[PDB]
Amino acid sequence: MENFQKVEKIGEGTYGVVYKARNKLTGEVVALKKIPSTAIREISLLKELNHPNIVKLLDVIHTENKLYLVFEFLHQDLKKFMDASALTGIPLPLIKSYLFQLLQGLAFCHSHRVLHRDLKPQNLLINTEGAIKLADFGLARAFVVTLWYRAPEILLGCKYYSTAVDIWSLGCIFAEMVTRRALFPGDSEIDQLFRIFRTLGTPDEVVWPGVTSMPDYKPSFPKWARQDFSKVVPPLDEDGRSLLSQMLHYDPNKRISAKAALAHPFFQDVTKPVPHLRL
Ligand SMILES: N=C(N)NS(=O)(=O)c1ccc(N/C=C2\C(=O)Nc3ccccc32)cc1
Ligand code: NA
């Protein structure tokens, strides 16, 4: 750690405080996160998982029984950019570019059987060039927490969840970029589940075979009817609504993969605009 000078406290991440810091040996500006043998091996595997849409894990420092993770630094997260674009809205070509780039990042990680498990605007980082990158990828398997982007199978007690959990989270983020409001802002596990059910309908054996046998499923859940996506994400066009609907399928097996989402007609006219960033 003496090779790093703290510059700015970014904030309280999921596993520890993230700082902007300077490497005294290279002059490199990095993000430093201050966090068992199982964790060291899993974290070290993430150092190999390199993609332009994944925030690079530069180094793992284990000293005095403490763990420091050194990452590539980006200047802004999607939460700040969404708050800054609240009055105007993020232009649809930029939302589309960001969704496409994040689907590329997920297709890569998922092809290597690596899940994020905790996608949210706070871990999506952006730069002046128009890139967007997934931060803290794979740390959840390695080691108030927001529930807004949690997949229904996690909420219902699935212990062996799939890559589909990240597609759900990304679908929630996509809807939030479009509407300028969180899709399912639950403030408890049951409030989160019930907000999902009130929009998408209470799941049953017809739409999700095996749902009634899940650990936290209760036959006493209220039965709400599904709403149209035209009501959920206006004024998003039918290509965007159709893609979103597939990213929000209840059955994780029916839910679109990142690879298949990249081929969706919504991306026929994808471009890479440059955002209006004040740093
Ligand atoms: N400074 C605050 N609080 N918000 S901000 O939008 O300006 C902002 C600025 C920088 C960052 N950077 C965060 C990080 C970063 O650069 N690399 C990381 C790797 C893992 C986790 C977090 C990061 C995140 C947010
Ligand atoms: Na990396």
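Each step along the sequence shown adds one to the number in the working numbering, with nothing skipped, and position 173 is 186. For every residue, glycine included, the Cβ atom is placed at its ideal position computed from N, Cα and C.
Given this structure, state the Cα-to-Cα distance separating residue i from residue j, to the nearest angstrom.
| i | j | result |
| --- | --- | --- |
| residue 199 | residue 215 | 16 Å |
| residue 118 | residue 63 | 9 Å |
| residue 24 | residue 218 | 43 Å |
| residue 150 | residue 238 | 35 Å |
| residue 34 | residue 224 | 46 Å |
| residue 229 | residue 171 | 9 Å |
| residue 152 | residue 93 | 23 Å |
Let me check one thing: in DSSP terms, what residues is residue i bridge-paired to?
| i | result |
| --- | --- |
| residue 44 | 33 and 84 |
| residue 26 | Beta-bridge pairing links residue 26 to no other residue. |
| residue 90 | 138 |
| residue 192 | Paired residues: none, contrary to the question. |
| residue 75 | 80 |
Is residue i near ligand 1, judged by its Cβ being under 8 Å from some heavy atom?
| i | result |
| --- | --- |
| residue 82 | yes |
| residue 63 | no |
| residue 93 | yes |
| residue 112 | no |
Under the rule that 16 or more other beta-carbon atoms within 10 Å means buried, what is residue i, buried or exposed?
| i | result |
| --- | --- |
| residue 133 | buried |
| residue 176 | buried |
| residue 254 | buried |
| residue 155 | buried |
| residue 136 | buried |
| residue 114 | buried |
| residue 72 | exposed |
| residue 276 | exposed |
How about residue i and residue j: do their beta carbons lie closer than 9 Å?
| i | j | result |
| --- | --- | --- |
| residue 84 | residue 52 | no |
| residue 286 | residue 107 | yes |
| residue 273 | residue 123 | no |
| residue 146 | residue 68 | yes |
| residue 196 | residue 240 | no |
| residue 36 | residue 87 | no |
Looking at ligand 2, does it come within less than 8 Å of residue i, judged from the CB to the closest heavy atom?
| i | result |
| --- | --- |
| residue 119 | no |
| residue 231 | no |
| residue 67 | yes |
| residue 60 | yes |
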